[PDB]
Every structure is written in C-alpha cells, then in structure tokens.
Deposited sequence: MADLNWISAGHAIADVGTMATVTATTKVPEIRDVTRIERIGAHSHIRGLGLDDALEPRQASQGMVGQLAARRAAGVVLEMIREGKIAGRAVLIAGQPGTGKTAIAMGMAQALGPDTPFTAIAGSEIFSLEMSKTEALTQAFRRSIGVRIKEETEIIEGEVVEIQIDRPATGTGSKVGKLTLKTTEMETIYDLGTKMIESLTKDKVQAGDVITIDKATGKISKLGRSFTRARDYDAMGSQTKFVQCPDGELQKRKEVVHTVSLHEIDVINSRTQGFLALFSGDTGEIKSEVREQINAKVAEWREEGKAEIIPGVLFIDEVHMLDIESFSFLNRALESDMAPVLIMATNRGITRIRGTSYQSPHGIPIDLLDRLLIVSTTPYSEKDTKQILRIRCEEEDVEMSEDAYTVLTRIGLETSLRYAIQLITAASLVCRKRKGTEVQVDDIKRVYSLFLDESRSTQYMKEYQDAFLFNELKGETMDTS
C-alpha cells in the first residue's frame, strides 16, 4: 500500500556512512564519495551531539549536484529524531505576517529542545514562547499567526528555562537549524545572524549554497558565496567536489536499488556517460523513465535502447537551450 512517503530525491540516504573513527566508507548508508565533506559532517555531528558549544556555524559549499543537501540529509538521519533538526529554505523567512529577524528567531528557537520530566514532555523554546504569548496561543503553533512575539516573553522564558536547568527540572536538547540556499537571505538577515549566533542559547547553524563570487541580496556588493565576509568569518566552510565516473556509476546503482530498477551493465555504462556529459540529476531522472518504457515494452531489465529512447524523449538543459536558440525568434 502507498504510504505518504514515497521515493524522493534523498530517500536512499540513511546516514553519513562513517565508522567509529569518522573515516568515511566508500559506499555506505546510501552515500558515495565526498570523503572530506562527509568526514567534516561527522565532526560537526559529534559537535552537535556534544551540545556544549553554542551557535557554531558551518557552510557547505560546492557546485550544484555535489551532494550538499545529500550530506545534510545524512546528518539529519544520523542524528535521529530525538534531537531537533529544523530544515528551511532561505526564501521561507520572507513572511507577510512577521519580520525577517522574527522568523529567524523562531527558526532558532524551534531548533532548541526542552525535555521536562515529571511523564516526560519534549518541547522546543519556540513552542513555550507561543504558548506564553497569549492565552490560546497553542493554536498559533499549527495555524501560524503568531505575530511578532515580544522580547520580554523570550527573556522570562530563557530565565525560567535556566532555572529549570539549575533545579534539574528540565534538560536542554541543543539541535540544528539547516538553511538550504542561504544566498536567498538579504543583508539584514545576515546582519541579524551575526549577533544571533553569539547567544548561549543558539543552535548549530548549517548552511548550503552553490553560488560563486556574486551579489549579496539587498546590496550592490560582490562577496564569496553571496554571503558577507563578516558572517563568513564566523563559519567553517566545507567544500564538496564534483564526482568522477566511478562515483557517478555507484550513485546511479544506488538510485536504481532505491527505485527497484534492474539495468544491464551496458545500460549503466551509457547512463554514466550521459550523467558525466549533462548532469548527475538528469541521469538519475532518466532511470524511472527507462524503467517505465521497459515495462511498457514488457521487458524485465532496462537496456541501452530504453535509455536512448528516454534520452530522445526527454531533453536536458543543454540540448533544450540549443534547440531554443535555433528557433530563438519564435520564443518570447
């Protein structure tokens, strides 16, 4: 029966594929290659599990399709559900109901858990903020509609949670805020993030971006990764490299295993050649299309002919752009 979770882009990722010494295995838990980036993610994961140092920031840099979000999903899987892992896109903080700094504060406080013993109840700081914002505030955790929570509420909740910590009534579970495509944040958001990371209550921030030396949003200044240098001084940068032929074929094998697709070895060679030629994601996208054509053919295994058929049917960006430029005056 079909459950609500189906095969997504990162469904095959179950972890970082490291051993006890953090040394990455070549193929483990759905991850392939990226040995330095996965080792860095393991070190950051041990920092998160330690939970001592507050507000430590990390950037995953690299070209598109180099497993930045795959690494972030691996960290989220390896950490498990007990610790918070707040995942957002950079564009989500541009809210019509609250300011950007308020949205970033709520994202920060969602990532810090509070486990209160009595029966045990795990609650985030943002939930306690919304509950004590007003009498019926708990509806706002589901509906949104929180408004801009007063700073006095957050200070008295920080004081009360610290008193619970000293009493032994509550335990602080420091977690993770993951901001994918952080280059969509503007200069005001980065300036807020500079001082938000200095709090003792701040979580471990992880960010991802594929931008080069480009314009910072809300300014006219060029900067690496589309981020100001003041914020970049506060981070440790992790670089993800592009993949070789062997790593590409291994990723295509693992994605075929995830999608329950059987292919001949010649089909794997042709699809690896296509993936190197165009992009890894295009070659991954051709897998289920070739499988569907093989099923329509009443075949059992994807052949080279099915791969070439879906290659002809579905275009990647380069061939589509070239054919558009051939008929350029027709397009608006």
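Could you list the ranges of the deposited sequence that have no C-alpha atoms in the model?
Since the structure holds only modelled residues, the stretches it omits are 1-33, 152-255, 470-481.
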